[PDB]
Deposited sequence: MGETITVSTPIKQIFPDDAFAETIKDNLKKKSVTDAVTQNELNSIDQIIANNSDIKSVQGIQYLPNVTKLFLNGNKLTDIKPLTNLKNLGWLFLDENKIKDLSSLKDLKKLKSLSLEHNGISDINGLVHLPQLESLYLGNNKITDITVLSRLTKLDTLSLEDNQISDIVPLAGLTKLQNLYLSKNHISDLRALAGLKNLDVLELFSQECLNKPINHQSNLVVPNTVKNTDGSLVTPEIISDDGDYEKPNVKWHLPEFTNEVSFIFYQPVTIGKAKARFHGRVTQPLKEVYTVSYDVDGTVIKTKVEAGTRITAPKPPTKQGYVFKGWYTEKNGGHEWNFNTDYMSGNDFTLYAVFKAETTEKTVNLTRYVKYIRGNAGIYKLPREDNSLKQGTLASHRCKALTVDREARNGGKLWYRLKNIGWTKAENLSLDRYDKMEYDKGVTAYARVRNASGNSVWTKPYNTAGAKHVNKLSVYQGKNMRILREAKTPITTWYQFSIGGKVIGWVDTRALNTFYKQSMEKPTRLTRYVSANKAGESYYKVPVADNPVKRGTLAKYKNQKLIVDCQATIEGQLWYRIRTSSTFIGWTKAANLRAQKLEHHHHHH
């Protein structure tokens, strides 16, 4: 593309600073002056370094430019260069150019410089197979796969980038100048064949591993390889770490963020010396037996069987609880088999919780004091006490036998868990309580059945007396019949005791008492 009629510079080159540079180039006076295409065509070189140039629009009118130095500017676009075929030298350091799709048709390009352009994608360069010098230092490059095509390069610079994989260079045997410092390289095997190197730089590498769990024995494979394939021995290992065969080892007893080692190894490939150095960072029957109770087995059910283990099987019955009936005891090892709770008696076997109780039972459940008369019916085995056996204050009184034969007056009643008790007296004086089944109450009120018969007193029975109850014991004697000698007697009640007939007499006036019918007359 070109202009026909003369035209001013400013009219063609929008970017002032760039117009200015043209002016000087064409030796012109002022940016205003006009120029012809033929004057534009006479331009083959352009040196505009650090010229605060934001754009180069219009440079499409210099079809014969071959050298172009625009280092240290403010460019970001290069679409104008697109058709500048004869371009052979092109420097664009310190700029912000990222779209390279404009360089694909510059097949005569010999040397390219793009240092400090904040580049990361360079797949575009693949169209410049004839390049001889390439500068990409200080960018954000990680993948140099496409450089494998640039087999005419003798000079290549990629330092201060994020490169890790350099296999893409294994074939560039034509290389003489190679800069790879400040990258993430840790393997130089890929460089083993560059026999034509004169300049080689590999210092300050930063290699970051993938995090691993922290340990106290920590072991990390040394992954730094020489051109050879041999492991590079670590110069300086952090945290007092040591180095064995191919592993770097740490003792890290406590815990730390990361660990690391430093490598420094002079290498030579071709006729070039270099220092391969950098750092590698490594990110990192139920029994409740603890109790002691104080219980007293319920006197009753003293036929409670004791077992070895909390189970109800006679084959495991250690015996029978009954020999320990009235003592303060101590359990310990509790339990719960089949749902029911069991107990372990100190030194004694195992029984059920029901069987054992809280304290020395005494509850009589009632103390009445009815009316009756008994006689010891086999004392063999029983005694007489202060208030029913197994009861507060209940002391002792002679054996039951000590009262046999004699008539005992029933004064009271009782009924504790085992049996019913009868307080009693003899000769009027009270004695105590006794198991009612040991006695024979030959007389009970329930035996007093009513009637309505009439009688008088016997002249021969006048000496006989009458009582309060149909029992001829002195303590219940209430008088002598002879007091009624010839009065009318009304027999209202009656009772048959020990086979004899008694009547309860009374005058139409006053109540008399009980007397044997054998002493009266209806006559």
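Task: Missing CA stretches, deposited numbering from 1, N-terminus first - done: Several stretches lack coordinates - namely 1 to 2, 287 to 357, 597 to 605, in sequence order.
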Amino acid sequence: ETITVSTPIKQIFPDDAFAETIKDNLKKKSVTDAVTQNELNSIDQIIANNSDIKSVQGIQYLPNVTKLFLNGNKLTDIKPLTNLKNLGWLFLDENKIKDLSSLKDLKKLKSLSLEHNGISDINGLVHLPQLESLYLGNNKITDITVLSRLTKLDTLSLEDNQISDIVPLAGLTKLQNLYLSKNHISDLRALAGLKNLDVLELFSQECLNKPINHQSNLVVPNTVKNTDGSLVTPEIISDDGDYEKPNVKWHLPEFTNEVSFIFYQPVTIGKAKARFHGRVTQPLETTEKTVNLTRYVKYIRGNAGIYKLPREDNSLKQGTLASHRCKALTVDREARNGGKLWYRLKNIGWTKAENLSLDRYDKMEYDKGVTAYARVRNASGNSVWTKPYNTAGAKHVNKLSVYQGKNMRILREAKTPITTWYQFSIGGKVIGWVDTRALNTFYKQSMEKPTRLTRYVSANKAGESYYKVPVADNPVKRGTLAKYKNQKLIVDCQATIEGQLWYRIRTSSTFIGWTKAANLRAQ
From here on, numbers count along this sequence of modelled residues.
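Task: Per the entry, higher mean C-alpha B factor between 139 to 147 and 345 to 353 - done: Averaged over C-alpha atoms, the B-factors run higher in 345 to 353.
Open item on the list: Quick check on the record: does 364 to 372 or 168 to 176 carry the larger mean Cα temperature factor?
Closed with: Higher mean C-alpha B-factor: 364 to 372.
Open item on the list: Looking at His116, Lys289, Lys249, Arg275, which one carries the largest C-alpha B-factor according to the PDB entry?
Closed with: So the option with the highest C-alpha B-factor is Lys289.
TODO: From the list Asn314, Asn226, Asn196, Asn161, select the residue with the highest C-alpha B factor recorded in the entry.
DONE: Among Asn314, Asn226, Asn196, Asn161, the PDB entry lists the largest C-alpha B-factor for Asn314.
TODO: Could you say whether, by C-alpha temperature factor, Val397 belongs to the lowest, middle or highest third of its chain?
DONE: Highest third - that is where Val397 ends up once the chain's C-alpha B-factors are sorted.
Open item on the list: Using only modelled residues of the chain, where does the Cα B factor of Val297 rank: lowest third, middle third or highest third?
Closed with: Answer is highest: the recorded C-alpha B-factor places it there.
TODO: Select lowest, middle or highest to describe the third in which the CA B-factor of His324 falls within its chain in this entry.
DONE: Answer is highest: the recorded C-alpha B-factor places it there.
Open item on the list: Considering every modelled residue of the chain and its Cα B-factor in the PDB entry, is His214 in the lowest, middle or highest third?
Closed with: CA B-factor rank for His214: middle third.
Task: Modelled-residue ranking by C-alpha temperature factor, third containing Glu132 - done: As the PDB entry reports it, the C-alpha B-factor of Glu132 lands in the lowest third of its chain.
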